[PDB]
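1. I need the structure of the sequence given here:
(4 chains)
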Amino acid sequence: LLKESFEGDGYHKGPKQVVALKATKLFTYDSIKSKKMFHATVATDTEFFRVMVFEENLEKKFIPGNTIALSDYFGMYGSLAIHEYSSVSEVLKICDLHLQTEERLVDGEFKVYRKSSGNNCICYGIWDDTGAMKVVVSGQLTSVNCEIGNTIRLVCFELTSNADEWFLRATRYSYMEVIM
Amino acid sequence: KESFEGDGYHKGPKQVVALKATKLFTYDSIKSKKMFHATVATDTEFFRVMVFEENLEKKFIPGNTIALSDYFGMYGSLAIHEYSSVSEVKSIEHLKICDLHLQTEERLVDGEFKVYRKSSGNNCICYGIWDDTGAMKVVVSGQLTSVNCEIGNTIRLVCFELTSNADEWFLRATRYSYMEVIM
Amino acid sequence: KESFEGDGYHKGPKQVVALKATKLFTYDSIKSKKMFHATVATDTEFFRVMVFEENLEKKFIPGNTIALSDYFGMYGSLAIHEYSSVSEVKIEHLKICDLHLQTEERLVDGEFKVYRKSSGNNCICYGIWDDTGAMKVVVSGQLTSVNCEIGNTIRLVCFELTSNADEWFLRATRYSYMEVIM
Amino acid sequence: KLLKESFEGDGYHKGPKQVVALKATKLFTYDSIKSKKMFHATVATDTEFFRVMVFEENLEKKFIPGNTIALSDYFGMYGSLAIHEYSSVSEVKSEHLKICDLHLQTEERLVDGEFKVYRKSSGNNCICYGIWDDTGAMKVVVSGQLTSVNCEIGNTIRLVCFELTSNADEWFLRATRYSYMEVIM
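-> Numbering: from 1, shown residues only, chains lettered A, B, ... in the order given. And now the structure:
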């Protein structure tokens, strides 16, 4: 029953120990320069944070369970940017998103009810027991195939300000994945 | 000519002539955090910087050639978080609209555009921006609504996101975005 | 058990059997114009008609085999206008996802639950919930007079599947018809 | 000019309703597959002008500008006149809307007019042009068989019988069945 949290943006020196609950298989966020990364959620026992790892050979330390200490990290857009090996030591339903007031970042697993082409996009619609919502996918995430009837896992998707309705677009460091 | 400094940490000095900076503004009233934007240039290419420390800002006066180190690259901009690099030494374009429609990748956007229409949205203000080469939507949510702005003015937009959407592509506003009426 | 009819004039008797018809309703309250919607068939396929003669709903009773004459085709439906155009004689509905799969704008009937309501520019936007997905309903004009709240099941007849850049929606045209169920 | 718009009421219309032929578009094919042909023409009384859809190919010879004609047996629908046959029409002895105005509407119309293109894009199952005007900017959606009309940024499309369309965010111009698109210059 942990609280959401925004790590203040800016540099963060000094040790801050967390518990690393979960993480995603290492993917490529930029296929052009062959740079890779992955995403993980850490937690103290009062609130939980979301982290963006940029060091390929650092996924070893984020095993589910491992209490670890984060230092020299970076905060921006409400997440933790772990960029290099050096600094890691060792020891939402749908209706809700429409009720929101501020662009956040969203994770979750939703059913897909529709798919279609977009201006330069792949527009999906995600079904839910509490309503439905637009998904825009541009850039590199279109490379992931996904069809109506599937269950999509979304991570680091940007809830977007807009006139009509708010929709989940895909930014630079977003990752998509089809679930059984 | 512009360039994306490779994302992640950037130690070591990179010396660049400070081109233009924006007034220091507050991006987060909740914790009362303040910042400003600025543009810097190498001889060939010019970059954009998001400066999160108020004091350092004075040092970003147009003309001062200064040296950057221990900085951070993310989302195609430089993050300066400290007294950090900015050290002294002894001391031209914008982008048209149509090009943004011809964009196939989502950018960050600065510029001067006339406003032609206004209307309220869901939790936001929609402006339309007139131009020699077309027209685009500008979606403003959050704090920047408190910028007064009317039909006929000329807003200056800094660190505005060009947004991936079906149909039209528009300029929304992120956390570090700043608006400024002109004339 | 699905059809369309060539536009233009259509003389001569065309014998059909009425399947279902709606109440007489007023489509233009200002000009106090009235009409009604009915579905007929030739028992290999069915047709959609729009009836502009008020005292003709007598005849379109579900069951009554009738023969149409001097009718008019337009916009993908049959237009019966005056009384002397109807003689007398002696099933496949669409689910939502289907409507997202279309390639070409239809007109649509059907009964769907409502999952959201909100007002848009000059209109009311309803969302309809379905086994096979969810879809938008824009209603502008006089049909806004129809009060509808979340959780109801509206009956929609002669609504238009409408082409849009992101997602297709059903909207109301001049002769559309709305109604709450139960 | 002076002549104002009006909408002929729906239903059958017997009896001669004499009107003067103002303008008219070429004969064009609204269904290329089923090879159905039509054309659009505007006609006016002393006071108002109406929009008529002619389905009889052998009539463009008769909606000549200036020629006063007599409409019997026609049909009203979607605020237009429906000349569907040759017998309907017989001979007798002889404005425009800026874009913003369309944002100002409250009741969905049909729209003719001429506008410059600033953007293009492919949509769900359509093309979305952006139309540019001295008085504003607005969205065109083109679906079905009209996508086969070739138009690109910079051009000026002539559009006739296009439907100004109700939507939540903003209202657009879409292309109904009997619409017609063309390029200029």
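2. give me the element the residue positioned nearest the centre of chain A is part of.
-> Nearest to the mean C-alpha position of chain A, by Cα atoms, centre = their mean, lies residue A:156 at 2.4 Å. Using DSSP states H and E, residue A:156 sits within strand A:151-160.
3. Contacts for stretch A:88-103, please.
-> With Cβ atoms under 8 Å, 6 or more residues apart in numbering or on different chains as the contact definition, stretch A:88-103 has outside contacts at A:15, A:17, A:58, A:61, A:66-71, A:82, A:106-108, A:110, A:126, A:128-133, A:158-161, A:165-166, A:168, B:123, B:141-142, B:174. C-beta coordinates here come from the backbone N, C-alpha and C atoms, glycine included.
4. quick one: terminal-to-terminal distance for stretch A:26-36?
-> Across its full length, stretch A:26-36 reaches 7 Å end to end, with Cα to Cα, to the nearest Å as the criterion.
5. Residue in chain A with the shortest distance to chain D?
-> Here the residue of chain A nearest chain D is residue A:164; by Cβ to the nearest Cβ that distance is 3.7 Å.
6. Chain neighbours aside, what residue packs nearest to that residue?
-> If the residues on either side of it in the chain are set aside, residue A:164 comes closest to residue D:169, at 3.7 Å by Cβ to Cβ, 6 or more residues apart in numbering or on different chains.
7. just the helices in chain A please.
-> A:94-99 (DSSP state H).
8. quick one: contacts for residue A:66?
-> Counting by Cβ under 8 Å, 6+ apart, residue A:66 makes contact with A:19, A:20, A:90, A:91.
9. got it, and residue A:134?
-> Residues in contact with residue A:134, defined by Cβ under 8 Å, 6+ apart, are A:123, A:124, A:125, A:165, A:167, A:168, C:166, C:167.
10. and of the residues you listed, the nearest to chain B?
-> Closest to chain B, out of all of the contacts of residue A:134 and judged by Cβ to the nearest Cβ, is residue C:166, at 3.5 Å.
11. List the ones among the contacts of stretch A:88-103 that fall in strands.
-> Among those, the members found in strands (DSSP state E) are A:17, A:67-70, A:82, A:106-108, A:110, A:126, A:133, A:158-160, A:168, B:141, B:174.
12. Can you tell me which of those residues are buried?
-> Neighbour-count burial (16 or more other Cβ atoms under 10 Å in any protein chain shown) is assigned, among those, to A:68, A:70, A:82, A:106-108, A:110, A:126, A:133, A:158-160, A:168, B:141, B:174.
13. which two from those end up farthest apart in space?
-> By the measure Cβ to Cβ, A:68 and B:141 form the most distant pair in these, at 35.5 Å.
14. For stretch A:19-29, give me every contacting residue.
-> If you take Cβ under 8 Å, 6+ apart as the criterion, stretch A:19-29 is touched by A:34-45, A:48, A:56, A:59, A:61-68, A:140, A:155, A:172-173, A:175, A:177.
15. Quick one: end-to-end length of that stretch, please.
-> Terminal residues of stretch A:19-29 lie 25 Å apart, using Cα to Cα.
16. And that stretch, how far out from the chain middle?
-> For stretch A:19-29, the distance from its own C-alpha centre to the chain's C-alpha centre is 9 Å (Cα atoms, centre = their mean, to the nearest Å).
17. same thing with stretch A:31-51?
-> From the chain centre to the centre of stretch A:31-51 is a distance of 7 Å (Cα atoms, centre = their mean).
18. so how far does it reach from one end to the other?
-> With Cα to Cα applied, stretch A:31-51 spans 21 Å between its terminal residues.
19. can you pull the contacts of residue A:178?
-> A:144, A:145, A:146, A:150, A:151, A:152, A:153 are the contacts of residue A:178 under Cβ under 8 Å, 6+ apart.
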